[PDB]
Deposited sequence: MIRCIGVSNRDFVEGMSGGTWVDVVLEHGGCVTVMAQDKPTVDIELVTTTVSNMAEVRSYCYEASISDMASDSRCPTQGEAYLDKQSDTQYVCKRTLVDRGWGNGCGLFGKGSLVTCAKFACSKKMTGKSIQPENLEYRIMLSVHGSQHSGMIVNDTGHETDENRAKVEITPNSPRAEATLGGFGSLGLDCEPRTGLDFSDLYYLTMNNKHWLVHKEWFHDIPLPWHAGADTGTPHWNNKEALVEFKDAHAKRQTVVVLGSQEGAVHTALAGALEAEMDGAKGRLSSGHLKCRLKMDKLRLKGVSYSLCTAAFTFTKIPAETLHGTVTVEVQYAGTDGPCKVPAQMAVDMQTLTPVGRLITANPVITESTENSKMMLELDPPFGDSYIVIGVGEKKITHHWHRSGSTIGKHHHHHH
């Protein structure tokens, strides 16, 4: 049986022949929809997905440098020059430095100095834009107690869908995205197999080397000096050093940010919900009624209380007269056997004609004491049940 273990479970009763019910589908959640003269159906949001995300920018968060070189000129001898000083792969710093007799110049004064180092990104993160049109909701609908299952897809521009459930007919779905997010304010951020949704203005302020969406042949990095530092400068030399990995810094900065997942080419969202109107006028019981099972039922899984106060049971049927209707009810008075509470797994039917087939039931007992009564006559199951507030 589905949903009986789901912590985040809603129970929604129809009304008369009311044709519609409202449901809210949350991630990891489930809605059990019950209606007089209808099969009980479970509706659950499987995934929420954003497709075709577009690269907007990459930041290098780990870099390295190589072949550092310097050129120097004495006072009055012009600008220092290195031919890699115009090479976009190279990060360079030009400066004036004290020169005189002690370091190779005939004049005392400012000499020219340039120092360059080849920049290479070791690791980078990428920010991508997301559009609400590419939002997609995968929803499963199934007959509760079980083609008794159906899967539908729902997008913001295609809010309506129909799900067929075999002999039980069809359900209509009219749905409305409730992400709680403003996509225009956010990017999808990937760093080293981890993913977040982050705010655009935070992302645009990150002090790291960067380039726009990929690509153009081989990468050009802007603001390389965010990870590369030149130290103090001597007569003919500047020491160049690279800063350490900023991965941890980004991690700490993202402590409060919403997490996301991939799987696979599309972004998968962990939050948000979906508001749906359920059309049920075409949902119905199958056209065939069955005689009551006459043989003996026994517990193979004893009654257990779910987190929501309902009760699940598994019974074994000794008879061979399947298909037959399971006699299943609750009573406060074992002599009149008038029903109290209700079945969640409504109209249970043993389908097999073989001996000892098994079946799970979910019951909704009244508050207080009652009896779970399965089967008929002398060999029938009677189990005393207490429904507290816990």
query	finding
Parts of the chain sequence, as deposited, that carry no C-alpha coordinates in this structure	1, 148 to 162, 407 to 416
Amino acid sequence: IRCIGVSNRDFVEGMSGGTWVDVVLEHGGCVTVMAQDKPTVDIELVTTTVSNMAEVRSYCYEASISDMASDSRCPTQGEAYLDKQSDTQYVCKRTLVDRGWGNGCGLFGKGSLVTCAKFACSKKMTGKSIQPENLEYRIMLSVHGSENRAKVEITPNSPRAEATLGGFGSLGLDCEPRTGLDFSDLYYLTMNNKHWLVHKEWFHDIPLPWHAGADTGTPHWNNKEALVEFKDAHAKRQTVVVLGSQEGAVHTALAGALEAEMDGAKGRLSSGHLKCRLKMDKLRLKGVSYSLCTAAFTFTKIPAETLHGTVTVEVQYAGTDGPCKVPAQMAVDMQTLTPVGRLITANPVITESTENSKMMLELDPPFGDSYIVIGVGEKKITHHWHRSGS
From here on, numbers count along this sequence of modelled residues.
{"property": "Segment of higher mean CA temperature factor, 254 to 262 or 227 to 235", "result": "227 to 235"}
{"property": "Mean Cα B-factor comparison, 31 to 39 or 48 to 56, giving the higher one as deposited", "result": "31 to 39"}
{"property": "Candidate residues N134, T179, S270, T310, the one whose C-alpha B factor the record puts highest", "result": "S270"}
{"property": "Out of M360, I350, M334, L343, residue topping the C-alpha B-factor column of the entry", "result": "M334"}
{"property": "For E314, the third of its chain into which the C-alpha B factor falls", "result": "lowest"}
{"property": "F297 CA temperature factor, ranked by third within the chain", "result": "lowest"}
{"property": "Entry-reported Cα temperature factor of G322, expressed as the chain third it lands in", "result": "middle"}
{"property": "Within-chain third of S184 by Cα B-factor, per the entry", "result": "middle"}
{"property": "Chain third (lowest, middle, highest) by recorded CA B-factor, residue given as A163", "result": "middle"}
